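Take a look at this one chain, the form deposited in one PDB entry, written out in structure tokens.
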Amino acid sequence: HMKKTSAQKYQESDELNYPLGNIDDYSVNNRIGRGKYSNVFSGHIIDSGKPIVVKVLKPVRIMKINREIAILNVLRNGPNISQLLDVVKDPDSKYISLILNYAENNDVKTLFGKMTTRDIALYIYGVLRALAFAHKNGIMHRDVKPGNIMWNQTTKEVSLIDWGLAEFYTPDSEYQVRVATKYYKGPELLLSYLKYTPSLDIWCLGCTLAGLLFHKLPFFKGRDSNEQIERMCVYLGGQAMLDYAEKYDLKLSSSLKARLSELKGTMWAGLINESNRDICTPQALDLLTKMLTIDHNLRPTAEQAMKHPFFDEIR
């Protein structure tokens, strides 16, 4: 029906896979986020006073909304994962709201030098516990980054949120590579390997760990994808990337291959100074090197990473 305006199309109703609640049970206060198809607010449950987050969605892409509801319900009993408390539909505008638990966030960028080795281990371990539960349940998050990790510095509580890009994982299936966020994309995405796996979440978490250790968020740079690959290899070496592309039959431009053979790999040299030397422990750097392994199949699993000596104290 193409003569209709978009607003006339929302008034005239697809089905949501959820028993919809009452929009009057929830109040809305301050906008706290703006997204592609969503506006995010802080709010309260009226009767209990309990803080909530309200994610307000234009009623389009109903399939994808239903995917995210299904994922959030599969994950409802998981640790350190945002909890879907209700889904409601505005009777007038027909917009859909997801009611999520509230998790306080102190932006880690502004805590450089204030977060200790223990803070960083709690933060990372907390996200790994979420990823291990999601991965064991066949779900990959696909957008792990500081902006999707709620951290409470006083209480050390941590939450992995924003499951709108999450997907159910089936081995040997092709997935779209326009996922994750710039500078968090793994080599599998920059080289368009379609059959990637939940190990992508480990790379993205590794990029997060590198920013916290070295006081630089985002850690990796690069204007385009060939330069992003190149900037990765300044640290990790050209040869690992060349070997990776060969092994999985990924294409690199002839100009990029020659560039990569010039890069032996600095690893973390030059990045430790007096301000971050106290958190860049050998075990933290060893964990980092494992998580930022180029070959997605040789990265630790979430459970393997949780077994790392870097977490021996807080276990």
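From 1 onward, residues are counted along the sequence shown.
Beyond the structure shown, there is the form solved in complex with a small molecule, which is absent from this document and is the topic of what follows.
Screening 246-254, 286-294, 262-270, 49-57 for residues having heavy atoms within 4.5 Å of the small molecule in the bound PDB entry returns a single hit, 49-57. Note on the partner interface in the bound PDB entry: the residue among 32, 62, 28, 70 having a heavy atom within 4.5 angstroms of the small molecule is 32. In summary, among the residues 166, 236, 115, 161, the only one with a non-hydrogen atom within 4.5 Å of the small molecule in the bound PDB entry is 161.
Of the heavy atoms in residue 86, none are within 4.5 Å of the small molecule in the bound PDB entry.
Within 4.5 Å of any heavy atom of the small molecule in the bound PDB entry lies no heavy atom of residue 211. When the small molecule is considered in the bound PDB entry, residue 277 lies well away from it, no heavy atom lying within 4.5 Å.
Proximity of residue 101 to the small molecule in the bound PDB entry falls within the 4.5 Å heavy atom cutoff.
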